[PDB]
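Q:
There are 2 protein chains.
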Amino acid sequence: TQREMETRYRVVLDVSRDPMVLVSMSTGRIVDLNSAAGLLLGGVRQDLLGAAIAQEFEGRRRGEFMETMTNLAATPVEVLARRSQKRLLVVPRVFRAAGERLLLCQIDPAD
Amino acid sequence: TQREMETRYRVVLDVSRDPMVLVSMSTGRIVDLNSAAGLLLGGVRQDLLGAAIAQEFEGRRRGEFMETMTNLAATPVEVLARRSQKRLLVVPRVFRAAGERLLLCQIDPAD
Numbered sequence: 143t144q145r146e147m148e149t150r151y152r153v154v155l156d157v158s159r160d161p162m163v164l165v166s167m168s169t170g171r172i173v174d175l176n177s178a179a180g181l182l183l184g185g186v187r188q189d190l191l192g193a194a195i196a197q198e199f200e201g202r203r204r205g206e207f208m209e210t211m212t213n214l215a216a217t222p223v224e225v226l227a228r229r230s231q232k233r234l235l236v237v238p239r240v241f242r243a244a245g246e247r248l249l250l251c252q253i254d255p256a257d
Numbered sequence: 143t144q145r146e147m148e149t150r151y152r153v154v155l156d157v158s159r160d161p162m163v164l165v166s167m168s169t170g171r172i173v174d175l176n177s178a179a180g181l182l183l184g185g186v187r188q189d190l191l192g193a194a195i196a197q198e199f200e201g202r203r204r205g206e207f208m209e210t211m212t213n214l215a216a217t222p223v224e225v226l227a228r229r230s231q232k233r234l235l236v237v238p239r240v241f242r243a244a245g246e247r248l249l250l251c252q253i254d255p256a257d
């Protein structure tokens with residue numbers, strides 16, 4: 143049933159056409175995402191897992207970027227993805243999972 | 143970490159704007175869904191959990207409906227939701243979770 147929840151998560155995340163990136167609050171790094179998000183970011187899953195999310199967006203740095211997100215998730223950010231050169235909108239939500247916080251980020255084309 | 147996977151699943155499913163319904167292969171009943179799916183079906187979560195999915199669609203019966211889905215998921223169905231009176235398209239995918247099969251169904255407006 144541990145195996146079942148992981149599987150249900152994996153399937154729901156990968157099938158959903160809603161572009162989503164999962165970010166560690168602790169490290170500002172991507173822990174998971176779906177291919178719809180990969181497509182808007184312009185990167186494959188393998189290159190984006192473990193990546194610092196702020197560094198995918200031109201002009202952004204981890205400190206400022208994570209504070210911006212955390213602040214918004216308390217109430222969209224306008225960004226430009228380096229790999230795809232697409233202008234995007236990012237809407238963050240914060241949730242607690244096993245003593246740890248994650249940012250689930252929804253991504254939408256801005257233009 | 144069992145608690146973490148459930149939470150990650152719950153969040154990813156509820157946040158995703160992609161309308162999804164989770165159906166038990168064993169009983170043909172809904173085990174989970176998001177509010178986007180609820181909206182197209184025309185029902186609240188509380189009334190749809192545990193419901194036989196075929197009975198939400200005018201003219202469909204569980205036997206035939208589940209076989210149709212299972213068959214398609216091997217390679222969209224056109225349905226009419228009773229509560230919302232909306233014409234929909236349903237695209238099923240099958241996956242194994244803890245000795246059991248689930249149909250993840252994606253729902254889209256047909257008209």
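Which chain is which? The protein sequence lines are A and A', in order. A prime marks a further copy of an entry chain.
Under the entry's author numbering, the residues of the first sequence are numbered 143 to 217, 222 to 257, in order.
Under the entry's author numbering, the residues of the second sequence are numbered 143 to 217, 222 to 257, in order.
Even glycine gets a Cβ: it sits at the ideal position worked out from N, Cα and C.
(1) Give the residues of chain A in contact with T217(A'), contact being defined as C-beta atoms less than 9 Å apart.
(2) Quick one: complete beta strand (DSSP E) runs, 3+ long, within the region 154-209 of chain A'?
(3) Distance cutoff 7 Å, beta carbons only. Does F241(A') sit that close to anything in chain A?
(4) Note down the Cα distance separating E206(A') from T212(A'), rounded to an integer number of angstroms.
(5) Using a Cβ-Cβ cutoff of 8 Å, what residues of the region 152-171 of chain A' are near chain A? List them in chain order.
(6) Chain A' beta carbons: is any one of them nearer than 7 Å to that of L235(A)?
(7) Between which two residues does the beta strand (DSSP E) holding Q252(A') run?
(8) Is it the case that the Cβ atoms of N176(A) and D189(A) are separated by a distance below 7 Å?
(9) DSSP beta-bridge partners for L214(A')?
(10) Starting from the beta carbon of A244(A), find every residue of chain A' whose beta carbon is closer than 8 Å, and list them in chain order.
(11) Take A243(A') as the anchor and find which of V165(A'), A179(A') and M208(A') has the nearest alpha-carbon.
(12) According to a CB-to-CB cut-off of less than 7 Å, which residues of the region 173-202 of chain A' neighbour chain A?
(13) Counting only the same chain and skipping the five closest in sequence on each side, list residues whose C-beta sits under 7 Å from that of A194(A').
(14) How many Å lie between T149(A') and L248(A) at the Cα?
(15) Below 8 Å on C-beta distance, what does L250(A) contact in chain A'?
(16) In the structure shown, what three-state DSSP assignment does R150(A) receive?
(17) Here's a check: name, in chain order, each residue in its chain whose Cβ is nearer than 8 Å to the Cβ of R202(A), leaving out the five neighbours to either side.
(18) In the DSSP assignment, find the beta strand (DSSP E) that holds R228(A') and state where it starts and stops.
(19) Alpha carbon to alpha carbon, how far is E200(A) from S230(A)? Give it in angstroms, no decimals.
A: If we stick to the structure as given:
(1) Per Cβ cutoff of 9 Å: no residues; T217(A') is ~16 Å from chain A at best.
(2) 162-166 and 172-175
(3) yes
(4) 10 Å
(5) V153, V154, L155, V157, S158, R159, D160, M162 and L164
(6) no
(7) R247 to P255
(8) no
(9) DSSP output for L214(A') lists no bridge partner at all.
(10) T143, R145, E146 and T149
(11) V165(A')
(12) none
(13) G170, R171 and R204
(14) 11 Å
(15) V153, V154 and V157
(16) helix
(17) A196 and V225
(18) Note, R228(A'): premise wrong, no beta strand (DSSP E); not H, not E.
(19) 11 Å
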